[PDB]
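Right, one structure below, let's go through it.
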Ligand SMILES: O=C(Nc1ccc(F)c(-c2ccn3c(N4CCOCC4)cnc3n2)c1)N1CCCC1
């Protein structure tokens, strides 16, 4: 699983791969780990699909009740704080790396990582899931804050692609969603149009010279690819 | 531990961090994980310092005997194949992620990853150690083969720095060594002159708004940094 | 610990050592291992000194409440049962307590062993604790019903002494009590090294 | 298992023997503890386990049986009834927090006609009961290490029609075969019998 | 531990008793297995564990003692000598691949003057030996569950100067105390004694 | 994660005919380091005449201390101002320790004070409240060093010499100063200072005393 | 244990506490943890005392034997390699942690040997229970080209950190100064823990202890 | 514990030109006491006496192995082994078994017959020598002996003074140990003479 | 998510507390911009080694308790001692519920002259001292801080106390693995607690003995 959420000026981009895996077999190839809580507050779900779906549905329902009774929009801080309480209360029972991210007119775009402990950290960008570990160095090097909405989406997609190229546990579609003052823009990049994969990267075309014909020289030529030669 | 070796045209750059850690305390702050086997064949040592030092000394001694008796230069393939035999023979007894890299006039610059299984893969570049997992996405994104000698060194240092900024188990000095037709150029970047660290990256100057004064508003302002305010 | 009681024609002798030992280190050489529940009832503590001291003190409270409510002294049968009901309630709460309730009620002298597992055995002779295996050897060989009070205390005192000499966990002061129709009397309180030089003069 | 209980049932009596041994690890506390508790005038139970469960179980049965007589104006319950009452009590316990009662019972009884109108079983009844609550009517049966020795011996020598006297002889052979063969010293057996007349304590056999 | 061995030493004999019990789990295979093996004319060992080690140990000692007499032109080795030979054999074994010999020995003997020139111990000798190889000269000692019962009884009643007759009476009290108090049925004790005259098998005491 | 931590240190008491000297070292050691040299939590006044010393885990000593302070406060209210005897507090401590025997306080307590007749007394406890009145006591890391020495110098049971007179307050204090100095030298978890409390009819007189700082 | 080495301009200073412990108990207050390896090589030992003793003796002997074969002062690399190879062979079951200081012709040479037979050749090292406390002082106060006095004082300061802040370290600082020419082993260079309260002499006059039997034998 | 199984404690103490070595007398199997007349001291020669604590089997095996080595030494070397050499020999013997050790903890008292300088050496089971100026101990009562010896021991004690504080230490420490006691055999070694004293203690 | 080491030292007229601005997630250095020192009401600050989540919850519970009591009843704000007493009891209650606050807090405060500095463990161990540290601060920094207090027994100046903190942070940076060279210092003086803008410390890496040739294995 690879989930991330970066802030641009107006709002946020959540991005996620689409693979749930029972270890080494892909149970679902097209999961939607970007889970609506309110109109403009989503979470990205890493860990036990059961546990995060259950929390996301519980928190979505509390936020809907809350929004009805205050008769106003919900702040992302509220969604994050509810999600933290639940992820903390049950920290021993559940496996659930969450990123709450969204727009509210008070604080604009906000990102909250709620990792496995039930910490809630407010961040400019958050990484989550098995694939997160690949991106920390990618962000350190290539991420520049104060991106456009369009640049953030392109970057978030390029990020998720870099993670799911190396993480076995991540793969499939890259789902993004931009949350800002405007109507939410979801989009789904299929793997055959991903911004990066190792399979298409020219760096990794020439094969490792592992096989090597039986020769009268220590000169490494290439792989033996024909029994006649 | 962070070790990597990339090939340029004439030869190779080995690069390492300098930290050995007994878990969470830094036993040695200035280790040399780039370990000479012959004049122009080094290895990078990850895993058990005891195990890799012992293997590196064993292999260096066999290569020295070999070189005396054939009365010619040793091929990098020879060094890698010896190291693989030893790393494979003892694969259950030792914890040893090795990268053999060097120059021979037959095959020029060569890099061999010998990971924990005792596989031996000949590569354009090799990553190794705890910190390796940070760099796969860094290389996928920023590494371009057919670099100059100078560019490979600058890039290897920038890589090691990106890995040790995130890996707790990596840190300290960045040692490189270039092995090619010319006399080997070792150099040691001290942490205070590292090409990257998070501490100096302007991306991470603004603190997470975690603390937050007791307010009459849901507007997130900043951290509370004075009791008077 | 070594702790023995036996019924004979003169009533009940209760004899005990004095040592609390956590296997290796001797905590105390001066533990009172006969609790005097009422004027006509004696407990012995073996095993967990805390567990026995606590639950014999509870037993002593139930025995006193019985005497207040019913205006008559509790029977040994009932007192032994009260304690056997406690230890059975707590049978899988890892109590460690081998106990003897010895008394004289309306129905003459009665002696009961009460375990940590809720066992409640009524016999004429017991020894309890790590040094029982030693006390029993001397006690069984010298035991008759027809012993005088003098000779019954002698037997008891020797039986504890022989446990203190051999058991590492047993030692100190060999206290002997006598339960008779008029209640109990503390017969003797003798250091077991003085007893060695009494019993083996050379 | 240490303490062997034996019972068999003939035309006009049930005979029950149970080892006297109460033990603490390897120390015989006594060779003469009575494991055979009379529940009613014509009902008794050779119950064998540690003293704590054996007593707490048997007393609970005895008191509930006595209570059930007090409330049933002195009506003496059948043996099937108390056997079932006992097994339900044992079986309830294996799914309780307390845990199972670790006691194996041979529940013996003589059912007499309880009025003019009684159409029920007349005569001696014997019920094998595991600690788990397994109830089985048997002509004879045994708990303990000595169980299988005596069970085979009874398979060989038990007839349904033996005298009270041929039963004493047979119960002695059974007891003797436990002493001969089991390493746990069961040197004294309490032997009781239930007849039309009630429980009688057999002293001859031990 | 199941099989109790008892020995004590007086002015002019060592008396050794050992339970006959051989057992398989809870089944008495026999109540009359002789655990006291005569090693030489004036030496024997009440050895107590499982039959397999007990025999393989005692026969190995007995054969090496006989071998040592054959090579030493019929010279009868002292009790200290065979006691130490036996402990060295037991101790060697606890650091061997085979593992320890799980046998506890009481090695009794009468040292006679072996010539005109013998300045050595005259009289009865008794050596307690753990399975580990712990050798200790003792006036009396016991292995088995009954050990501590009999050890206390002997502390009380043993004098160094008892007659052969007062010894029989005392050994019978020791054996009787094992029967009374250990749950493992040690119903028959082999009793042997070593005197100046040699090993005699005491049948009176059992 | 263990809920228990041994924070080291030794306590010792010695009763005379009119007083108790109660002493407890001041070092509070954590896991492989030391937290404080000036931890006074080891000894705790319950009443003018009665003190509790308490070893093992600090956090449990601190809870137990407060649990007793409030049982003692309740006793004052329910028994019309009257402060409980040392004997009463000793039974209370047995009882409170036992009530926790299924998650016990990792705290080896002494209760120390004057009895009914003014004579000093020390109740040493195990984990779960087994105690007896004695004329001295030791609990904690160096208890196994100090208890044999106190046995030797007070009971003199292996000495043919005539027993010295009685042992005054200053001799008894000196004996403990010596006993702690020895424990500090040889026990790695005892050290820094010893707080001495000298409970008398008149009042508690307390003086610090320096040990090996290492 | 806390043992410490620094390279100074002319040579190496080694440093050690003195407290040996059986569990939680000080068996020896003044035990010597700085072992002779060769005339120009010393070796502080932490970990299992038995192993440190055996490995350090074994090597010092081999170096001595090798010094008769070569006719040549033992190199600290030879010492280092003998310890490494031995310790490595035993997979850390020989649990000797060592600080090898010496001065050969190649100059000052200071190294740790970890029990598994790792080496780190460094300008300042610490091993033992008080390693971390000691190392804090070293990282704080080490500079290159210290005088012998600066270096001895620093090493003593480092050891003191172990003494006072580690329970297994204690008593006094033994310091050793290996220079090119000579090896000066100062025992109790610093004694911070002298005597608080002079020992109260409890007087037990002869015949105090009761005696059953007595055999006197003259020589 | 395998070391605490047999019971027994031993202690040695350095005086002026003399030492005292003192063992308890108990032999056990955990809590059951086999004998009350098993002192743990062994006399190598005039000048050296050692005790072995730990598993009695190994005390007896190890003591034999040492008796072999010291007698062979005496024949080969044509002299008595010295305390230092004897101690060094015993560490060599214990460390020969590093992996599969002897469950013994030897206490060695020695005295140089000329110089009068006293050498004590306790050892752990794998040979780690502990060679203090004052006193050494081992066995089940070692925690309690350290306390007694720390308190009572002074530097320059005469043999008679030294015996008293060693006896009072061994007895008082053994009175707080289940696995040690039944008095003590002490042995007062000087340049001139060797006194041996059986000490009356408890029967407990 | 884990906080690294915290170190604190009393000076003449206050307490300095310092902490790296880093939360690690195991080996990973996840967030190097976390304000780990938190102000508690008007007088006190707190910083924790260990679970940030348990710290976040406890720090929340405490800071509410302080503000609520002050605002509900017209009473004087809780003293540092009293806030710390509450924190200690709270943490101990959690270890008695086997739901521990799995972090070692350091707690500073100043009411008037009264200068408070104290530590509390996961299990409710608590200790006041003139210098406190948690994490590797306890093993590395404490020795140095204690030495600085032993040398200046009258008391440290703010400058001397800052110089020694800075030297302890430098060593923590060298020797604690899960550290960054970015710190904040809380300073509790009379006025109240200020938290410094984050700073780095100069680090020496160019000892001649750290050169490639010396440190080489072969
Ligand atoms: O002995 C018991 N009954 C009995 C019942 C419950 C018990 F907890 C203990 C018992 C338990 C630990 N004991 C000790 N320990 C041993 C281990 O070393 C330290 C000190 C010392 N004493 C002990 N006795 C005795 N019986 C013997 C036959 C009759 C019943």
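Chains as they are written, first to last, in PDB author numbering: chain H, 55 to 283; chain V, 55 to 283; chain L, 100 to 301; chain K, 1 to 206; chain Y, 1 to 206; chain M, 126 to 339; chain W, 30 to 248; chain X, 2 to 205; chain N, 2 to 219.
Built from N, CA and C at the ideal position, the CB exists for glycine as well.
Judged by DSSP in its simplified three-state form, residue 266 (chain V) adopts coil rather than helix or strand. Judged by the Cβ position, residue 122 (chain L) qualifies as a neighbour of ligand 1 at the 7 Å threshold, a heavy atom of the ligand being closer than this. Contact with chain K is found for residue 182 (chain Y), since one of that chain's Cβ atoms lies less than 8 Å from the residue's Cβ.
Proximity of chain X to residue 266 (chain L) at the Cβ level (cut-off 8 Å) is accounted for by 32, 33, 34, in chain order. Annotation: Cβ neighbours of residue 166 (chain W) in chain N (cutoff 8 Å, chain order): 144, 145, 148.
Among the residues facing chain H, residue 168 (chain V) is not included, as its CB has no counterpart in that chain under 8 Å away. Put simply, the CB of residue 277 (chain M) is near chain X, with a gap under 8 Å to one of its CB atoms.
The Cβ atoms of residue 300 (chain M) and residue 139 (chain M) sit closer than 8 Å to each other. In this structure, residue 229 (chain L) has its beta carbon less than 7 Å from a heavy atom of ligand 1. Spanning the alpha carbons of residue 119 (chain L) and residue 263 (chain L) requires a straight line of approximately 12 Å.
At a cut-off of 8 Å between beta-carbon atoms, residue 30 (chain K) makes contact with chain L.
In the DSSP assignment, residue 279 (chain L) falls within the beta strand (DSSP E) that extends over 272 to 279.
Chain L places no beta carbon closer than 8 Å to that of residue 49 (chain K), leaving this residue out of the contacts.
When C-beta atoms of the region 174 to 193 of chain W are compared with those of the region 202 to 210 of chain W, three or more pairs fall below 8 Å, so the two segments count as touching. For residue 127 (chain L), the residues of chain M that pass the 7 Å Cβ criterion are 257, in the order they occur in the chain. As a beta-bridge residue in DSSP terms, residue 229 (chain H) pairs with H:70, H:242. Counting only Cβ-Cβ distances below 7 Å, residue 28 (chain X) has contacts in chain Y at 136, in chain order.
The continuous beta strand (DSSP E) containing residue 159 (chain M) extends over residues 159 to 161. The alpha carbon of residue 280 (chain L) has as its nearest neighbour, out of L:104, L:108, L:100, L:101, the alpha carbon of L:108.
DSSP places residue 104 (chain K) in the uninterrupted beta strand (DSSP E) bounded by 104 to 111.
In the structure shown, residue 200 (chain K) adopts extended strand secondary structure according to DSSP, grouped into three states.
Within a 10 Å sphere around the beta-carbon of residue 146 (chain H) sit fewer than 16 other beta-carbons, which makes this residue exposed. A distance criterion of 7 Å places the beta-carbon of residue 215 (chain L) in contact range of ligand 1, judged by its closest non-hydrogen atom. The Cβ-Cβ distance between residue 20 (chain N) and residue 104 (chain N) does not fall below 8 Å. Look at residue 3 (chain X) here: in three-state DSSP terms it is coil, with no helix or strand label.
With the criterion set as a beta carbon lying under 8 Å from some beta carbon of chain M, the members of the region 131 to 152 of chain L are 131, 147, 148, 149, 150, 152, in sequence order.
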